[PDB]
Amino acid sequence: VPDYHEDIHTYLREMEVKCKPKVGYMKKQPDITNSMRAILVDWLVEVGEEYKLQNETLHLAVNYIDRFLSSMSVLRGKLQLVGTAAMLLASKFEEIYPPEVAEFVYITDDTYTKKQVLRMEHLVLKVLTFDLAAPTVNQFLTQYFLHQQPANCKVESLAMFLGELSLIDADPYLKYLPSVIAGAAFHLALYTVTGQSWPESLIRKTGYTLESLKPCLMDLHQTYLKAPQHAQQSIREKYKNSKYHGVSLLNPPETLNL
């Protein structure tokens, strides 16, 4: 327990700054775009569902892709190979048993070789300087869920859903830290289910006021409204499972009452 909850949260706050990607990176990518990055992340969410991977694995993979794309320019023909080695590395970090390399080749429809994927694994670690223990939205939400006043596993699911949705859209969501994304998602999911709001516990722990969250909340409210319409659907189709209380069936509030 809690002998470490405060230390860890503070330190997760330190680490998130050091594991920030460059925000304006996509505009310096010649061959690739926010929209192609959205294809890739959606696809990872499917791959994660196919091989029953944890949600952390997914967020970590997305963090690797962004930091790597911050320093390294990549042709479209090679983005998915970047994605696949990110997902391998994340699984190796986070999973108890990772799917074998072969399976990572298989899920691209045999377009890259095992040896390619392994050589890209190597190159991802070099550019990341073996720094793979990045804080995610998923990590922050889990700590936040400790401060839920009665616990409510529809709120929990619905926030997870929002946080995964932020993975998909680089602009706007790269401008926000994971700890803020998660503040937004938590409040949003809270609000939506019970009509309550981002609680004082967490205001004093995080030092975030509702109103400091406001901008991120506005961006995430829109995504939440627009989700049915988005080109990318894997996360919505993931969150209809009874596993997740089909929170993605639920009804977004049309106003936020700020």
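Don't overthink the numbering: it's just position in the shown sequence, from 1. Rigid core here is just the name for the largest C-alpha set that superposes within 1.5 Å across the two forms.
**Q** Superpose on the core, then say which of 142-150 and 117-125 ends up with the larger RMS Cα offset from this form in 8 other deposited structures of this protein.
**A** It is 142-150 that deviates more in 8 other deposited structures of this protein.
**Q** Between 129-137 and 144-152, which has the larger average Cα B-factor in the PDB entry?
**A** According to the PDB entry, the answer is 144-152.
**Q** Using the B-factors recorded in the PDB entry, average over the C-alpha atoms of 8-16 and of 240-248, then report which stretch comes out higher.
**A** That would be 240-248.
**Q** Compare the CA B factors listed in the entry for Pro30, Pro215, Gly207, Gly48 and report the winner.
**A** Reading the PDB entry, the winner on C-alpha B-factor is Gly207.
**Q** Choose from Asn34, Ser70, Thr57, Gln229 the residue with the greatest Cα B-factor as stated in the PDB record.
**A** Most elevated C-alpha B-factor of the set, per the entry: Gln229.
**Q** Comparing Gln196 with the other modelled residues of its chain, is its CA B-factor in the lowest, middle or highest third?
**A** CA B-factor rank for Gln196: highest third.
**Q** Can you tell me which third, lowest, middle or highest, the CA B-factor of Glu121 falls into for its chain?
**A** Within its chain, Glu121 is a lowest-third residue by C-alpha B-factor, going by the deposited values.
**Q** Is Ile107 in the lowest, middle or highest third of its chain when residues are ranked by C-alpha B-factor?
**A** According to the entry, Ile107 has a C-alpha B-factor in the chain's middle third.
**Q** Tell me, lowest, middle or highest third: where does the Cα B factor of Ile203 rank within its chain?
**A** Highest third - that is where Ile203 ends up once the chain's C-alpha B-factors are sorted.
**Q** For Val82, return the chain-relative third of its C-alpha B-factor as stated in the PDB record: lowest, middle or highest.
**A** Lowest third.
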